[PDB]
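Consider the single chain below, provided in structure tokens and representing the form deposited in one PDB entry.
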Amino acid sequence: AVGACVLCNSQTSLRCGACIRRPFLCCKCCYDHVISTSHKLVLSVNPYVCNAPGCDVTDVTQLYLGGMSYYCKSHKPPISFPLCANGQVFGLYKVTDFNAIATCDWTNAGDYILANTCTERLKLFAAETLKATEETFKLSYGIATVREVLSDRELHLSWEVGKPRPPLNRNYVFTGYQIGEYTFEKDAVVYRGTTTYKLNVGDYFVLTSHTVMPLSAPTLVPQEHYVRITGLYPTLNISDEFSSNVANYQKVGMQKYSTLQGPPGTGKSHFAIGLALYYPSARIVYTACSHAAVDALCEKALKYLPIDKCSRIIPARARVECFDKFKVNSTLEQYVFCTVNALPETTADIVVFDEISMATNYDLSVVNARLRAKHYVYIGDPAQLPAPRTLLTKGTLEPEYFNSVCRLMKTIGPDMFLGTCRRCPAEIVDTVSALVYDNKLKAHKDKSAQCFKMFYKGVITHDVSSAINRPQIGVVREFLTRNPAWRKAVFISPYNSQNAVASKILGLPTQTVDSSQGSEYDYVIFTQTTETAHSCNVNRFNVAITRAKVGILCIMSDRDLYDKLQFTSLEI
């Protein structure tokens, strides 16, 4: 009932009753809120409402204090002070940007821009408000009731009329009735049940609207520089493998937090797990937003770190299969590998946060509020894909606005930059180096002479809003008959529905760009599918073509990105 003002920390009894989060506002800051917004309900121990029976005046600007009681202009006694006077709202202990965060619906890019250019307290208010807004939107979607069960991987769905039907991909996980979480792909629909329950007729599926806890810890703790390595103990016997990262590993020990920008295949995994071998006594908690990123870090630890001193932290709600080779849920092991949402409350010599472009400011705050650590290391790449913003429909979110780390990396530069790509044929390294890395990314590999492009707009059909280009898949089919080395290729495209079609016609394994991130395949076939903003996004384009170790075929729709591709062009 009494806390600190989210804009200046000044003590107060005043909360805004109109803000979805109900932030504490001091008398000065609460005034400049209610005088500039549709927000006029103020809360104290008792709410600021006229006390006259049956009176419905709740607007703080139309109210007064009558002794220790509140009344409107129509009910106030002769001796009454206005609640809104000389730049203040009356409360105990007696912002433009706060107003925009408080009142925005989060459908505009400028909203996320402001959520990342504002003060640090207003970054937490923004992340709360947004995450709340994201959840109360999941209510807006219709329920899906099973009409009939066909097979162990297909059924027919009946959708609640009046309420819209959510996009039917992987980024939308339903809660089934709790028969465990479930996902669907396209009148027969393919069902993927986290728990193998023999789907019954009438059983209904609904989207998981989780309760948005409030944020306490900053996105980033304040930066500390040291004179010498602090609370860590280096080796002077350090494997030649990791000799390239010794100067970076010493920067990590001589700062509170550090930023590593690592373009595809520049040895992020290698750097993170090498940090443990360089400070071999140090307790490290390895965290990322996804189970895939954390399981990636587990595979690298398995190779180089002692398996006994490693534990994979899995929450009791088993959502996806993940890493098996460690001891599970031993929080006290020197090496702990855990998704941000499952982190325990503990401390660490070093916390390593990986896949930092996929992290929200909400994730940056949670991490700092569960883990107290001597050193924090932020590993990722602002030139890769951000967390999907399900509410954002107007404007494109630039990398400098993904989170506070990406903002740092794009403005003051990262602390450390892995600058040599060991994965990709030079054709791919040269293209993305120019596209997103201002020509600072170097090829270790030679040109493969197995990187082809083809400009072929084909024909764009849609399943709802997800795009399909059958002619582009026809061009791929033709290529495969003449290029049998590509039989093993991973088919990639920016659209599930295109991948679904390509799966049936080609029989190739299938990946969206967004699900391909952090993976690598010998051969990649990418069809752009459309000329949309989604399919032309340079971060997405970067990830798509940097999945390939040996070869890539890009069938393109965008003249620009086709011409940028430093690949051999094909005819037809």
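Note that residue numbering follows the sequence shown and begins at 1.
Modelled in this chain, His270 is likewise resolved in all the other entries of the protein that span it on both sides, not missing from even a third of them. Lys394, modelled here, also has coordinates in every other compared entry of this protein that models residues flanking it, well short of the third needed to call it frequently missing. Unmodelled deposited residues between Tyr197 and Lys198: none, per the record.
The entry shows a gap from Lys186 to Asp187, with 4 to 9 unmodelled residues of the deposited sequence in between.
Mean C-alpha B-factor is higher over 300 to 308 than over the other stretch, the pair under comparison being 300 to 308 and 436 to 444. When the mean C-alpha temperature factors of 544 to 552 and 21 to 29 are read from the deposited coordinates, 21 to 29 comes out higher. By the numbers in the PDB entry, the CA B factor is greatest at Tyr93 among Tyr257, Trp486, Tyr93, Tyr249. Between the residues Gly395, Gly180, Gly413, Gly474, the entry's highest C-alpha temperature factor is the one at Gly180. Among the modelled residues of its chain, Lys325 has a C-alpha B-factor that falls in the highest third, as given in the PDB entry.
In the PDB entry, a CA B factor belonging to the middle third of its chain's modelled residues is recorded for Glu128. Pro388 sits in the lowest third of its chain by CA B factor, as recorded in the PDB entry. For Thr339, the recorded CA temperature factor ranks within the middle third of the chain's modelled residues. Among the modelled residues of its chain, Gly54 has a C-alpha B-factor that falls in the middle third according to the deposited record.
Beyond what is shown, the protein has a form deposited in another entry; the following relates to that form.
Here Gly91 and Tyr286 end up in different rigid parts once the change between this form and the one not shown is broken into two.
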